[PDB]
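Residue numbers (our numbering), protein chains in the order written: chain A, 40 to 92; chain B, 327 to 532; chain C, -8 to 113; chain D, 29 to 142; chain E, 1460 to 1584. For reference, the structure is listed below as structure tokens.
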Amino acid sequence: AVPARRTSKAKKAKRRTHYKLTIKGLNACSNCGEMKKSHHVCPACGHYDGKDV
Amino acid sequence: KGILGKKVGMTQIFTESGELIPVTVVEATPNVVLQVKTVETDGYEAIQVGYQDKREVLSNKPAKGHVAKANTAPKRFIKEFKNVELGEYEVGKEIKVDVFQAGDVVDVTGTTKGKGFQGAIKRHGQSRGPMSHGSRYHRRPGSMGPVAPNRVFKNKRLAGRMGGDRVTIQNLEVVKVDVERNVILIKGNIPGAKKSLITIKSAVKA
Amino acid sequence: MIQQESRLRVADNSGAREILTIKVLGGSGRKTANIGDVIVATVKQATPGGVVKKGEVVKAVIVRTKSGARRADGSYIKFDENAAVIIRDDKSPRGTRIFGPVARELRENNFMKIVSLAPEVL
Amino acid sequence: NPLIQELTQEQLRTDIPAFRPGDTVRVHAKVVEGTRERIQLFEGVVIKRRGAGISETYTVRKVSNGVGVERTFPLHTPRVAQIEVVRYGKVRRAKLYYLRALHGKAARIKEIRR
Amino acid sequence: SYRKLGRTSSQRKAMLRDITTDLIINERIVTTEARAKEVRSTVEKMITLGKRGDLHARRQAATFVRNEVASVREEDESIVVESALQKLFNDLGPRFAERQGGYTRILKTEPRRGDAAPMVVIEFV
RNA sequence: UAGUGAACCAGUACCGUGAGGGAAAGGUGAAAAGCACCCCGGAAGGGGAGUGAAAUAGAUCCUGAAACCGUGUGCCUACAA
RNA sequence: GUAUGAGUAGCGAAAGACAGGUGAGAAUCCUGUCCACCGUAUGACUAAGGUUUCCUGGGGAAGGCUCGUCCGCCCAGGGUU
RNA sequence: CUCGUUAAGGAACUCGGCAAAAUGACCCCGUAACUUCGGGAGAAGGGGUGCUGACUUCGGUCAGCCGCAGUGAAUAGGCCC
RNA sequence: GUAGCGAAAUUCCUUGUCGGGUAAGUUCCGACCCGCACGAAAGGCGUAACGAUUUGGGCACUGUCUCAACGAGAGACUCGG
RNA sequence: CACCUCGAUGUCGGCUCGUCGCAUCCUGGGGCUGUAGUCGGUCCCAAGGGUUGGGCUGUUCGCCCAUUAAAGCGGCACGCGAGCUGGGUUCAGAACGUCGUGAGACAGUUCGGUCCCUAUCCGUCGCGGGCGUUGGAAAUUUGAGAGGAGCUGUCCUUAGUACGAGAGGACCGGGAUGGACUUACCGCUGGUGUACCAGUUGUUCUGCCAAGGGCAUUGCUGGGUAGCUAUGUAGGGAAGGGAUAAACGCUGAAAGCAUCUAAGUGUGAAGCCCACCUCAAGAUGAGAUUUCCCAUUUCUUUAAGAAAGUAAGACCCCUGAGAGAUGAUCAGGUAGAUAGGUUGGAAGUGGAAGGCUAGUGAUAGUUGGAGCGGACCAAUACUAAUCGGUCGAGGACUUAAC
Ligand SMILES: [K+]
Ligand SMILES: [K+]
Ligand SMILES: [K+]
Ligand SMILES: [K+]
Ligand SMILES: [K+]
Ligand SMILES: [K+]
Ligand SMILES: [K+]
Ligand SMILES: [K+]
Ligand SMILES: [K+]
Ligand SMILES: [K+]
Ligand SMILES: [K+]
Ligand SMILES: [K+]
Ligand SMILES: [K+]
Ligand SMILES: [K+]
Ligand SMILES: [K+]
Ligand SMILES: [K+]
Ligand SMILES: [K+]
Ligand SMILES: [K+]
Ligand SMILES: [K+]
Ligand SMILES: [K+]
Ligand SMILES: [K+]
Ligand SMILES: [K+]
Ligand SMILES: [K+]
Ligand SMILES: [K+]
Ligand SMILES: [K+]
Ligand SMILES: [K+]
Ligand SMILES: [K+]
Ligand SMILES: [K+]
Ligand SMILES: [K+]
Ligand SMILES: [K+]
Ligand SMILES: [Mg+2]
Ligand SMILES: [Mg+2]
Ligand SMILES: [Mg+2]
Ligand SMILES: [Mg+2]
Ligand SMILES: [Mg+2]
Ligand SMILES: [Mg+2]
Ligand SMILES: [Mg+2]
Ligand SMILES: [Mg+2]
Ligand SMILES: [Mg+2]
Ligand SMILES: [Mg+2]
Ligand SMILES: [Mg+2]
Ligand SMILES: [Mg+2]
Ligand SMILES: [Mg+2]
Ligand SMILES: [Mg+2]
Ligand SMILES: [Mg+2]
Ligand SMILES: [Mg+2]
Ligand SMILES: [Mg+2]
Ligand SMILES: [Mg+2]
Ligand SMILES: [Mg+2]
Ligand SMILES: [Mg+2]
Ligand SMILES: [Mg+2]
Ligand SMILES: [Mg+2]
Ligand SMILES: [Mg+2]
Ligand SMILES: [Mg+2]
Ligand SMILES: [Mg+2]
Ligand SMILES: [Mg+2]
Ligand SMILES: [Mg+2]
Ligand SMILES: [Mg+2]
Ligand SMILES: [Mg+2]
Ligand SMILES: [Mg+2]
Ligand SMILES: [Mg+2]
Ligand SMILES: [Mg+2]
Ligand SMILES: [Mg+2]
Ligand SMILES: [Mg+2]
Ligand SMILES: [Mg+2]
Ligand SMILES: [Mg+2]
Ligand SMILES: [Mg+2]
Ligand SMILES: [Mg+2]
Ligand SMILES: [Mg+2]
Ligand SMILES: [Mg+2]
Ligand SMILES: [Mg+2]
Ligand SMILES: [Zn+2]
């Protein structure tokens, strides 16, 4: 099977509506104040839950 | 008559005369009537019933306010029973398993276990194609239809999500009722996974 | 679970030794027959001097099967072989003697004569 | 599970002797041919035990009139008046399914006298 | 249940033994999320055997723990080599005699560059 | 894309066992004066600072169309064939 | 020349794990340990053919179906008695 | 797609037993029609196989032991009219 | 047109008729002979042995099927390249 | 006939999946009968459901065997090859009969012979996101509409009664139990069960013995938990209304009679609408009920203004399964049993290792229903669900009544 008709710019853009990246779970790190991912170790200060690790 | 409970599991019971019958154990902690609906206010007659007390942290201010009328803890399940005598029920009233008696005929409603994405063979019990003799057609859903419509008729059954449907089994028998343990033993097997909600009602056909 | 083309031993001296199933009577689409059911069968191997002889289309009742029966009390019975008895239209066995044990399910099916002749009813 | 066990604990029987697969047992199984009731003895070797609690069952095999026969009984069925251990056999496994193929001498089980 | 980790049964078993022994030796390692969430149970069961300490538990563990050098010292002017199994029963068992399970913890870290595989640090407490 | 196949290291590269077939590819600026130095970056590449009449002439370098891709938004659009 | 299909098919038979090191950057490079694979071969020699692909030191544009600090690649020397 | 298992039945599948299953090593017994007298023939159909003692003429035999199963895995004809 | 063979790799009528085999056989085998349109080196008839040859029957065997169920792996699915 | 298609619309049969027509094969209702009864014949209404398993042949067809209540007839590109098969018919080989002087050919046969395509759009089956539904939220709901289901045997009784000379043998009515189909579920019977238990061969490794690991289809072999499952179990098509079809009426004239019809009134089918099951307010006609939050701040403007903190609430994130391709759903996040571990069990396996005893030994007994024990059960914060962040109202107007 092959495309009977080429896809127009508008239809192509509509389909890609949901083809987007997302960034979730960022919040300030308690120890150093930098942004970190919740439930992850802070890459900057290497502290999690207020302790160095 | 009706009650809400949880599908505890299945076992078997020896009746008098020693016959062995499979039973489903359904627990029903006393349900509570949370609201009474009437023709005047809602246009139809029914009683709202709550079941399975819920931890407070899991409840909402609106939900707590809703159950305050009945003066009970938040309930995990809420369902409306129709075809009952409103005069016999009032907000805050309790419903216990003893509402039924052994040998009662009931309809049991549950939510069937989910199977997820399933093919046509399992989902609709269609026939496979031959597995040999050069066949390259084993578990496929058959022809989609004739040429003329230039389309596929609705209800051409195909693969999809199976289970998770509301199913009622009719004319089950209340084998035993244990008020102390809030248990009803119903002959047979009923839809749903263990710990799921189950609705018992007096059989409509009867 | 006896179906078409399934072969059974013969549990009597009617003359046939091994029969082959032609039909499972009792329904339009019925697929399988179990103990106490009647079948149409053909004799595939017969005793040289017997009454019933090879190639004859006969009726028979299944008296024991590998997949046996479930009793109301929750017990089960299973045998080591599938055997049938050739019978007349009135359920009377064609032979004079029955060999091997027989399942009690025949009584309620009203094969009383076979039950009496059976060396043992289980 | 605990709830189910409590409910079925009542009907659990108590006079069941301690037997295991490989022992010869005699089962006094009640039978009814109409109004009249009778005890028919099914004696044979225990081939299989499975299940738990009220659901437990056991299978007994005997060769009667040259044909092998297996009867499966609920362990706690009231229709079995008595279970009697005739002998204790020496076996090396829980399920004796191999015995089905064997005949006569090959099926013999050494007694142990527990 | 248990995770397949995209390996056949024997391959998954061999990899789990490797990682669990590596954790026994090093006491702290970096792996993927899934490997860590399986290794936690396996290594904690190994520690249970070590706590028991009898010969039966020793042999049961030997079935699983790899035959590797946990550490090497020089004692009395002689080199002393301690295997993974010996370290388990001599050090890790006595250390956790008091804890009732939960001998390991998992800390989530950044995803791996090559695959964006979520990475974790699994370490004894 | 013309003019020799070939304005340029062309009967070359490339293709084929071989005979043989056979391309693509021109233009900074008047003059390299071809961006010293500084800044981000491992570099690439940029932003300043400079050269220049002009750097959106920076070497993919004159002009720089259209397809195609993207940023911004004045109006419209989630009961419609 | 650039689209559409589409961020889709595919990424070409098989086991890798972890620690340490290197480095701007490491699943992929180095070292170590265990594990695994071939073993009338997936080992060791040779003829043809290839024609520098060999070694040493650098590099990470392009090539490598990912990555790359690495390579039968690029750069500079050297090697066949 | 590749592979393992499968109750009861056992070719009812199908154009067709296609595919799969089954047979498979060694030792022993035994082996038909027909025949160009060579064959047919590994026809067919059966039996034995592990371990430990004792004795062996060294191939056995006798005794004992274990398992569901002893060419205990891999590699080995399905046969007949 | 002899011998031999003959509804045949040849027979249209044709699933010829009869018999065997099957519960049931347009196929198969035996026989018959009105050979549409066999026939003697473009050989006739037969033939042990042979055949990944074509054809029919039987035993064994089985997921071929009644009628599908479960499990392992690769892809598919989600994420990064 | 030659109007579309020869810059390609794939041809028989089978399989998979059906759907439609009714000129109805069965079941339902009914009239006439050369209908005594049991059977029937013919015609009328009726398409709700059902309407088979084989032998032969490539077959369709047909014959045969054996069943069934019945084994309906047709249309849908003689439905269905980007869904399958490829046995037949149309390629190249070869052969027979036959025709031809011949190459070759069929007015015929016979053996063998490559079935490609990653789904863009609509369509179909499932699942999300957005926004709407006019303040913002959490639940429970009505049902416009829609889908599903719809079959049927045999036996007992009524009753050996009605009918019949006998043979034979009922309607109506009441019970029992099946077939096929189907909705669920794993307690039982079984299947599977590659991180469960055990036996066992070969080789290799842990230095050796002992005890184990690797590989050999999970090495093989015997069992087997959860889960998923049928052939296993339970249940369903029960009763009953409303309007009708054919048909039968009652009353009744036109037309003194007659007449089911004109007015008027009734019976009457597995059929139609309900009844039973499921989906269902995107039903933009966006419904209803209960509960919760509260009228904040700043600037523009009489603006249904703008933005910014919030409330009730929701989500991100994290631990998960009864859920699952991913989203989603649901159980939880220390206001904690969500998962892992740990402790104690259970299923399951079948008597661990290390010893001791007996035996020359293989091995057996014993310590001991032992040891092991994925998913199952119950406890237990030991580990991890930390800390946090984001979004989220202030409710327009007109006119009735108050
Ligand atoms: K310029
Ligand atoms: K624009
Ligand atoms: K392209
Ligand atoms: K594209
Ligand atoms: K390098
Ligand atoms: K079949
Ligand atoms: K032969
Ligand atoms: K043996
Ligand atoms: K061989
Ligand atoms: K002839
Ligand atoms: K001829
Ligand atoms: K015949
Ligand atoms: K031949
Ligand atoms: K050949
Ligand atoms: K299979
Ligand atoms: K054409
Ligand atoms: K009639
Ligand atoms: K109909
Ligand atoms: K056929
Ligand atoms: K055929
Ligand atoms: K049709
Ligand atoms: K095709
Ligand atoms: K098409
Ligand atoms: K389209
Ligand atoms: K070994
Ligand atoms: K090895
Ligand atoms: K099993
Ligand atoms: K709404
Ligand atoms: K022991
Ligand atoms: K045990
Ligand atoms: Mg089928
Ligand atoms: Mg149309
Ligand atoms: Mg047990
Ligand atoms: Mg393996
Ligand atoms: Mg290691
Ligand atoms: Mg040119
Ligand atoms: Mg310009
Ligand atoms: Mg330019
Ligand atoms: Mg509209
Ligand atoms: Mg609009
Ligand atoms: Mg696509
Ligand atoms: Mg590769
Ligand atoms: Mg070799
Ligand atoms: Mg080199
Ligand atoms: Mg180098
Ligand atoms: Mg690259
Ligand atoms: Mg099977
Ligand atoms: Mg079997
Ligand atoms: Mg057939
Ligand atoms: Mg067929
Ligand atoms: Mg074959
Ligand atoms: Mg072997
Ligand atoms: Mg013939
Ligand atoms: Mg004939
Ligand atoms: Mg000739
Ligand atoms: Mg001649
Ligand atoms: Mg010749
Ligand atoms: Mg991707
Ligand atoms: Mg014309
Ligand atoms: Mg065209
Ligand atoms: Mg009609
Ligand atoms: Mg046949
Ligand atoms: Mg067609
Ligand atoms: Mg098509
Ligand atoms: Mg001629
Ligand atoms: Mg012709
Ligand atoms: Mg061939
Ligand atoms: Mg089960
Ligand atoms: Mg269970
Ligand atoms: Mg040893
Ligand atoms: Mg719990
Ligand atoms: Zn920090």
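Heads up, the beta-carbon is just placed ideally off N, CA and C, and yes, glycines get one too.
Assign residue i to one of three DSSP states: helix, strand, or coil.
| i | result |
| --- | --- |
| E/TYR1461 | coil |
| E/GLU1536 | coil |
| B/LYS531 | coil |
| B/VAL393 | helix |
| D/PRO102 | strand |
| C/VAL1 | strand |
| D/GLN110 | strand |
| D/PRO30 | helix |
Counting only beta-carbon atoms, is residue i nearer than 9 Å to chain A?
| i | result |
| --- | --- |
| E/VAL1580 | yes |
| E/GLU1486 | no |
Quick check on residue i - is its C-beta less than 9 Å from some C-beta in chain B?
| i | result |
| --- | --- |
| C/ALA63 | yes |
| D/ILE82 | yes |
Spell out whether any CB of chain C is found under 9 Å from the CB atom of residue i.
| i | result |
| --- | --- |
| D/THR105 | yes |
| D/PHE47 | no |
May I ask you to check if the CB of residue i is nearer than 8 Å to at least one heavy atom of ligand 64?
| i | result |
| --- | --- |
| B/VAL473 | yes |
Taking 8 Å as the cut-off, is the C-beta of residue i nearer than that to any heavy atom in ligand 32?
| i | result |
| --- | --- |
| B/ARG477 | yes |
Under 8 Å by Cβ, that's how I've got residue i and residue j pegged, so tell me the actual separation to the nearest angstrom.
| i | j | result |
| --- | --- | --- |
| residue 121 of chain C | C/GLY46 | Summary: the structure shown does not reach residue 121 of chain C, with chain C confined to residues -8 through 113, and so no result is reported for it. |
| B/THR350 | B/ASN515 | 6 Å |
| C/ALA51 | C/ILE26 | Not confirmed; about 12 Å, so no contact. |
Between residue i and chain E, is the shortest Cβ-Cβ distance under 9 Å, so that the two count as touching?
| i | result |
| --- | --- |
| A/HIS79 | yes |
Determine, using beta carbons only, whether residue i comes closer than 9 Å to chain D.
| i | result |
| --- | --- |
| C/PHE102 | no |
Next on the checklist: Counting beta carbon pairs with one atom in the region 60 to 72 of chain C and one in the region 517 to 530 of chain B, are three or more of them shorter than 8 Å?
Outcome noted: Cβ pair count under 8 Å is below three, so no.
Item to check | Touching by the beta-carbon criterion (3+ pairs, under 8 Å), the region 334 to 346 of chain B and the region 77 to 85 of chain A | outcome: Short answer: they don't touch.
Checklist entry - For the 8 Å Cβ check, are there 3 or more pairs between the region 90 to 99 of chain C and the region 1 to 9 of chain C? => result The region 90 to 99 of chain C is in contact with the region 1 to 9 of chain C.
Checklist entry - How do the region 395 to 406 of chain B and the region 358 to 370 of chain B stand: do at least 3 beta-carbon pairs fall below 8 Å, yes or no? => result yes
Checklist entry - Using 8 Å as the threshold, is the region 1479 to 1497 of chain E in touch with the region 1545 to 1553 of chain E, meaning 3 or more CB pairs across them? => result yes
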